[PDB]
Amino acid sequence: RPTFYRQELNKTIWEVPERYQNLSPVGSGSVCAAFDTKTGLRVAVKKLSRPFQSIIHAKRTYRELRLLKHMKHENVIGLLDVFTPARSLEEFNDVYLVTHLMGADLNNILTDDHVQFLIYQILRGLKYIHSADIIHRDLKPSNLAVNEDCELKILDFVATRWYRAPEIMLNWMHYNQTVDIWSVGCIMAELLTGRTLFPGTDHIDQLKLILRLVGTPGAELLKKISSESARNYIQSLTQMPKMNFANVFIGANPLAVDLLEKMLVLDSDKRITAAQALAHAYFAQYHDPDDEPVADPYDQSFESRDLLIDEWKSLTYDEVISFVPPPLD
Ligand SMILES: Nc1ccc2c(NCc3cccs3)nc(-c3ccccc3)nc2c1
Numbered sequence: 005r006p007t008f009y010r011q012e013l014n015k016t017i018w019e020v021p022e023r024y025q026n027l028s029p030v031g032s036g037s038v039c040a041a042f043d044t045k046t047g048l049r050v051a052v053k054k055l056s057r058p059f060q061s062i063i064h065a066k067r068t069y070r071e072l073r074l075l076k077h078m079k080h081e082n083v084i085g086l087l088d089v090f091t092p093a094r095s096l097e098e099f100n101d102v103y104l105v106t107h108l109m110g111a112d113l114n115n116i122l123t124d125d126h127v128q129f130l131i132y133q134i135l136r137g138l139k140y141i142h143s144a145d146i147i148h149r150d151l152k153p154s155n156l157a158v159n160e161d162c163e164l165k166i167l168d169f183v184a185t186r187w188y189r190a191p192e193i194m195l196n197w198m199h200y201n202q203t204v205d206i207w208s209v210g211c212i213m214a215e216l217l218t219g220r221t222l223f224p225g226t227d228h229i230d231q232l233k234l235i236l237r238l239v240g241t242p243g244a245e246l247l248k249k250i251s252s253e254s255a256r257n258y259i260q261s262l263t264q265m266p267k268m269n270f271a272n273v274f275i276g277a278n279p280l281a282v283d284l285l286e287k288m289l290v291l292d293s294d295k296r297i298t299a300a301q302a303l304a305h306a307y308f309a310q311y312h313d314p315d316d317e318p319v320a321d322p323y324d325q326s327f328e329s330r331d332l333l334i335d336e337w338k339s340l341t342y343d344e345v346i347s348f349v350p351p352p353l354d
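Taken in order, the sequence shown gives residues 5 to 32, 36 to 116, 122 to 169, 183 to 354; the numbers are from the authors' numbering.
Next comes the structure, spelled out in structure tokens:
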């Protein structure tokens, strides 16, 4: 039960344990860079904004704490600490999250050898996340933290639609994990060209650019679309042939072109998985089957539950008290 110290930083007040020093605002819940006197590391402290404001907020706060507490992988952001100034459930209102301070994002950043290492680390993190039955859904360069060492970590908290799989913008329920692989393809394409692959102005224009590259679907994909309106609209467009990816990505590593062909597929049933992609020949120099682990089981059953604010709040308090700090190395 450490001593807490308070200071007003920009808008809001901050009450943190003494071990975290030299708070410096970084963004805006609010996030401060600080120095961790227990480990000697630079860390990011995030103070959640109104974490229990509504049923939706309280469950969202609970969801975020559960996910971060579960992630233990080199290419996924991990939780160093979670704390509150409160001494009891009764006075519990503020939640603070502490993670490693990550240098920059992929947006702030390329050789073919850099793209291999960077995309290999994303796919390595996605295999872990997907093995827990978790879908990211929001992969984009600003959700990828990169070191000065080119070490990459997937994060979660430049248009989001540019990286979204086409099934999500068509509002298909029952999409699978490969919506993330579509995002990887869009990211890898941008690192190889310097240009956004699908800079759509909106959701309609986004699909137009996507289909111009991958083509309008064939009858094998059409016979699996349940929506009659979506099926008619797609069938009424002028048929566009699939462009040759070697032509579009001219001068790139033919192994990189072959992988993009397997990631940017309309039919998500045919799209390549993270595990399958890790064994693609394009990653021969980094791929190690004995060092690409999967995650412990993750209980998502709370997602289907409707509870009161105080109950999500109490479940969140439980997760704060039961937190075991990660081992120091
Ligand atoms: N097994 C599969 C594989 C892909 C699918 C897909 N892909 C998005 C597009 C398909 C054709 C043009 S965009 N879209 C849908 C879908 C279903 C209902 C409403 C709207 C879209 N289903 C798919 C089922």
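Beta carbons: idealized from backbone N, C-alpha and C, even for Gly.
Ligand 1 heavy atom lying under 7 Å from the CB of residue i
| i | result |
| --- | --- |
| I346 | no |
| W207 | no |
| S339 | no |
| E192 | yes |
| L291 | yes |
| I131 | no |
| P266 | no |
| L195 | yes |
| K249 | yes |
| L332 | no |
| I259 | yes |
| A255 | yes |
| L246 | yes |
| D294 | yes |
| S32 | no |
| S28 | no |
| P242 | yes |
| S329 | no |
| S326 | no |
| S143 | no |
| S37 | no |
| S252 | yes |
Backbone CA spacing between residue i and residue j [nearest angstrom]
| i | j | result |
| --- | --- | --- |
| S251 | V290 | 19 Å |
| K45 | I297 | 43 Å |
| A244 | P29 | 54 Å |
| residue 121 | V52 | Position 116 is followed directly by 122 in the chain, which means residue 121 is not present among the coordinates. |
| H228 | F8 | 48 Å |
| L303 | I334 | 42 Å |
| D43 | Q25 | 6 Å |
| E163 | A281 | 20 Å |
| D112 | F129 | 15 Å |
| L138 | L340 | 28 Å |
| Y311 | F99 | 46 Å |
| residue 117 | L234 | Placed between 116 and 122 in the numbering, residue 117 has no coordinates, as the chain goes from one to the other without interruption by modelled residues. |
| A271 | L238 | 12 Å |
| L55 | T68 | 8 Å |
| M78 | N201 | 20 Å |
| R256 | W187 | 23 Å |
| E286 | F274 | 11 Å |
| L135 | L122 | 18 Å |
| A190 | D315 | 30 Å |
| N14 | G36 | 13 Å |
| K76 | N269 | 44 Å |
| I212 | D343 | 38 Å |
| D230 | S293 | 21 Å |
| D145 | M194 | 21 Å |
| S143 | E12 | 42 Å |
| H305 | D283 | 9 Å |
| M288 | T203 | 8 Å |
| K152 | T185 | 7 Å |
| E97 | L167 | 32 Å |
| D331 | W337 | 9 Å |
| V38 | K66 | 21 Å |
| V20 | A41 | 11 Å |
Assigned exposure category for residue i - 16 Cβ within 10 Å defines buried
| i | result |
| --- | --- |
| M265 | exposed |
| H199 | exposed |
| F169 | exposed |
| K248 | exposed |
| residue 35 | Residues lacking coordinates in the chain include everything strictly between 32 and 36, among them residue 35. |
| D205 | buried |
| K295 | exposed |
| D101 | buried |
| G210 | buried |
| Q133 | buried |
| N196 | exposed |
| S208 | buried |
| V319 | exposed |
| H80 | buried |
| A157 | buried |
Residue i: CB within 7 Å of a non-hydrogen atom of ligand 3
| i | result |
| --- | --- |
| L216 | Among the ligands in the structure shown, ligand 3 does not appear; only ligand 1 can be found there. |
Do the region 89–100 and the region 336–352 make contact, defined as three or more Cβ pairs closer than 8 Å? yes
Does the region 206–226 touch the region 312–325, meaning 3 or more C-beta pairs lie closer than 8 Å? no
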